[PDB]
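Reading the structure
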Amino acid sequence: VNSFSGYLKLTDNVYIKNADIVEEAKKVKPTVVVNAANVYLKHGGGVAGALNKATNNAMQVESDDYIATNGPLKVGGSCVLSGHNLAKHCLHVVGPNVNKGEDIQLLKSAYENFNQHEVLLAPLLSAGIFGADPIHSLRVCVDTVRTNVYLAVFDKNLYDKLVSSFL
Ligand SMILES: CC[C@@H](Nc1ncnc2[nH]ccc12)[C@H](C)O
Ligand SMILES: [Cl-]
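Method of determination, as annotated in the archive: X-ray crystallography, at 1.0200 Å resolution.

Comments concerning the nonpolar core
Grouped together as the largest cluster of nonpolar side chains are 26 residues, with contacts concentrated most on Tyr111, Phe114 and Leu151. Counting residues per element, the ones that place at least two in this core are β2 (14-18), β3 (32-36), β5 (89-93), α4 (106-112), β6 (119-122), α5 (134-144), β7 (148-153) and α6 (156-164). Looking at which element gives the most residues to this core, the answer is α5, with four residues. Not counting the four nearest positions on each side in its chain, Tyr111 is found in contact with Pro123, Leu124, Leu125, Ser137, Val140, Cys141, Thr144 and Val145. Counting 17 residues, the second largest nonpolar core, distinct from the first, contains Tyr15, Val33, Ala87 and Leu121.

Focus: the site of ligand 1
The environment of ligand 1 is made up of 13 residues, and the closest members are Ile21, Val47, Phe154, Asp155 and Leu158. Between ligand 1 and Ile21, the relevant distance is 3.1 Å, taken from a nitrogen atom to a main-chain nitrogen or oxygen of the residue. At 3.4 Å, a backbone N or O of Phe154 approaches a nitrogen atom of ligand 1. Starting from 410 Å² of accessible surface for ligand 1 in isolation, the protein chains cover 86%. A majority-of-atoms criterion places ligand 1 in the largest pocket. In terms of residues, the shell around ligand 1 owes the most to one element, helix α2 (residues 46-54), which gives three residues. Residues that form the shell around ligand 1 fall into these classes: nine nonpolar, two polar and two charged.

A few points about the pairing of β7
The buried fraction of β7 amounts to five of the six residues, a majority that puts the element mostly inside the structure. As paired strands, β2 and β7 are joined by five bridges and run parallel to one another. Each bridged residue has a counterpart across the sheet, and for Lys17 the counterpart in β7 is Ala152. Sheet analysis places β6 next to β7, joined by four bridges and oriented parallel. Within β7, the position partnered with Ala122 by the bridge is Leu151.

Topic: the pattern of salt bridges
Taken as a whole and judged by the stated rule, the model has five salt bridges. Across the salt bridge formed by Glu23 and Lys26, the nearest N and O atoms sit 3.0 Å from each other. You can see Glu23 and its partner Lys26 sitting in helix α1 (residues 21-28), three residues apart, about one turn around the helix. A salt bridge links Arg139 to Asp143; the nearest nitrogen and oxygen atoms lie 3.0 Å apart. A residue pair is termed a helical-turn pair when its members lie 3 or 4 positions apart in one helix, as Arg139 and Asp143 do in helix α5 at four residues. On the accessibility criterion, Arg139 (31% relative accessible area) is partly exposed.

Some points on the packing of α5 against α6
For the pair α5 and α6, interaxial distance at closest approach is 10 Å and the crossing angle is 55°. One finds that α5 runs oblique with respect to α6. When you trace α5 past α6, the crossing you get is right-handed. Together, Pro134, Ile135 and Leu138 of α5 and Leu158, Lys161 and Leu162 of α6 make up the contact between the two elements. For the contact of α5 with α6, the per-class residue count stands at five nonpolar, no polar and one charged.

A closer look at the layout of surface pockets
The space that makes up the largest pocket amounts to roughly 470 Å³. What lines the largest pocket is a set of 24 residues, among which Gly46, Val47, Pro123, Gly128 and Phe154 lie closest to the centre. Ranked by the residues each element gives to the lining of the largest pocket, the list is headed by α2, at five residues. In terms of residue class, the lining of the largest pocket is built from 17 nonpolar, four polar and three charged.

Thresholds applied
- Residues numbered from 1 in each chain as written, not as in the entry; some residues may be left out.
- Chains lettered and ligands numbered in written order.
- Heavy atoms only, no water.
- Core = buried A, V, L, I, M, F, W, Y, C linked by side-chain atoms within 4.5 Å.
- Buried < 20%, exposed > 50% of the residue type's maximum accessible area, 1.4 Å probe, protein only.
- Helix = DSSP H or I, 4+ residues; strand = E, 2+ residues; numbered from the N terminus.
- Contact = heavy atoms within 4.5 Å.
- Near = heavy atom within 4 Å.
- Polar contact = N/O pair within 3.5 Å; in protein donor to acceptor, adjacent residues only side chain to side chain.
- Areas by Shrake-Rupley, 256 points an atom, 1.4 Å probe, with all protein chains shown as cover.
- 1 Å grid on protein atoms, 1.4 Å probe; cavity = no way out; pocket = protein on both sides within 12 Å on 5 of 7 lines; lining within 4 Å.
- Sits in = over half its atoms within 2 Å of the grid points.
- Nonpolar A, V, L, I, M, F, W, Y, C, P; charged D, E, K, R; others polar.
- Pairing = 2+ DSSP bridges.
- Salt bridge = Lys/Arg side-chain N within 4 Å of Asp/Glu carboxyl O.
- Axes fitted to C-alpha atoms, helices over the stretch in contact; angles between N-to-C directions.
- Parallel < 35°, antiparallel > 145°, perpendicular 65-115°, else oblique.
- Left-handed = near helix turned anticlockwise from the far one by under 90°.
- Points joined across faces, edges and corners; volume = space filled by probe spheres on them.

What follows is the structure in structure tokens.
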């Protein structure tokens, strides 16, 4: 039993809700919140910009030190950093950005990072401003993640489309 509330159950392990991931994180304080990161951990817009803003830029400060030490992530890769005031940890995961020409096959690799954590609050990887088809992202999530994932879909209209089209 966990403290996530109001989610629709899609499979044994995948749950979904129309919600602002920032507000959800502040309410639940999950062990892991997933960020829709880029390889530079430059948290400018979309989920990343919103999460970072909610940390008063502390996420960006921590991220800049991470990059200065370790260099960029790989597309499909991840790193674990602090969750600041939002969660215990933030798993920064880089899905492919179609608006940059990146290979959509890397979306499965990106979701594999979730399997290193028993429970996560997450967005749909490569959706929104990353330019992939969200119906596809949800399918890859369900077919790749085996741990317990609570998906927050910001756009209510998109949430309804995702539910009504889910196979
Ligand atoms: C990744 C695509 C989704 N983006 C988000 N999902 C959940 N919480 C969010 N907070 C700020 C953006 C955002 C879109 C609504 O389908
Ligand atoms: Cl987005």
